[PDB]
Every structure is written in structure tokens, then in C-alpha cells.
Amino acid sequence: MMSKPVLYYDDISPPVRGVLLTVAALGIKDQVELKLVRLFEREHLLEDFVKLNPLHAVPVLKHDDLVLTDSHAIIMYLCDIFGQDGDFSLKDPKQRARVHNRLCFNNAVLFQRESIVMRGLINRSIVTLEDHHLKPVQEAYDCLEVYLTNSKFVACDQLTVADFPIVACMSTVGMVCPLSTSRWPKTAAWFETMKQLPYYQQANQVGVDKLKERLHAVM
């Protein structure tokens, strides 16, 4: 009779996969109900979903009357109510701020730059990738490489929920802007490490593979 959060989702979306990765890492796959909202079917444009989220985007989390409409806020909230006593705890204010700071980096920099390119490719706004498209992504790689020089994972020396949105993005934009282990060695090593998490395949690779298939169709 506990209230279960409901995650409105399409796992081709990197923001969605950041949450899926988080749900698995926190061990709460059984406490979060899923509700599929298929982007290529345009189910995010249905009147109910637009009423739920005027941004008409996934993911969305509904928990009782709480409606979160950004993967990054969903991730922090799931940590608060399910991860306070574990390895992903955000109880310490400086630790919470370190993690939040890198969530902001993903939301405002890395995913923004990935989505300009990916949205243009999907809607056929771009047919050929020019340097104007990939240079901002490589600048984001440069920043990530600095972060992963200063700590072992994106926000500190331990894995945190901030690694999950960034790796969801990294594994997506990587198909059009591949990581060079020589130019970004700390980032490549971190990427390889994250792919080895036991839940990486079901929480992130499935969705990447579906998007790769959609991109092969449009290119």
C-alpha cells in the first residue's frame, strides 16, 4: 500500500536512461512502476500527457500528486526517498552539491549539445555532420576529462547518481562523435568502467541499440 512512483518513459531517450540506470543502481526496480510513452509513436503529444507535462517530454515521474518533469530532478528525488542510507546517499550537503553540480553539467551542457545534433538528425534537419555540430560536444568531452582527472568518477572518487545521466548521454552522442582514448584517456577509462556495471545492459544498452537502429534508418 506504499505509494509507488510512476516513471513515464521511452528508453531511447538518454535522460530516461539516466533514470533507469539510477533505478537499477539503487535497487528499486520493484518500487518504481513504468509507463511507456513512445516518442516515435507521438504518445508524448496525447492530451493526457501534455496535461501531465506541458514540455511534452520524457521522462516524467508522478509520485502521489508530485509531478517531476526532468530526469535530473527525478534522479535526485529517488535518491532522497530510497537511497538516504546507502552508497548513493546525498545526505551530506557538500556531497549533494557535488552531485547536483554534475547533473547540471549534463542537463545544461552535455545533453543540450547532444540533443541539438540528435534532434536535427532524427527530424532530417541535418544530413551531414559538420564541425559546427561536433565541436561543442568535444568541448564537453574536454570538461568531462578535467573532472575525471580530479576524481575517479564524475563528481567524486566514488560512483554517484551523477555518473548515470552523463553515461547515458555519452553512450548516445558517441555514435556520432566517438571518444578517442588518446585525446580523452580518463574519460575513455571511465566509460569502459561504467559499461561493466551489471545493470548497464538492460538499463542503457537496450535503449542505445534501439536509437542506433532509428539513426541507421534516417541516415
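Residue numbers run from 1 along the displayed sequence.
Omission of residue 101 is seen in none of the other entries compared for this protein where the adjacent residues are built, far below a third. Gaps at residue 128 occur in at least a third of the other compared entries of the protein that contain both adjacent residues.
Higher average CA B factor: 177-185, of the stretches 177-185 and 44-52.
Mean CA temperature factor is higher for 203-211 when stretches 14-22 and 203-211 are set side by side in the entry.
Highest CA B-factor among 101, 89, 115, 107, as stated in the entry: 89.
Comparing the C-alpha B-factors of 171, 69, 160, 193 in the entry, the top value falls on 193.
Sorting the modelled residues of the chain by their CA temperature factor places residue 147 in the lowest third. Ranked by Cα temperature factor within the chain, residue 37 sits in the lowest third according to the deposited record. Placement of the Cα temperature factor of residue 75 within the chain: lowest third of the modelled residues, per the deposited record.
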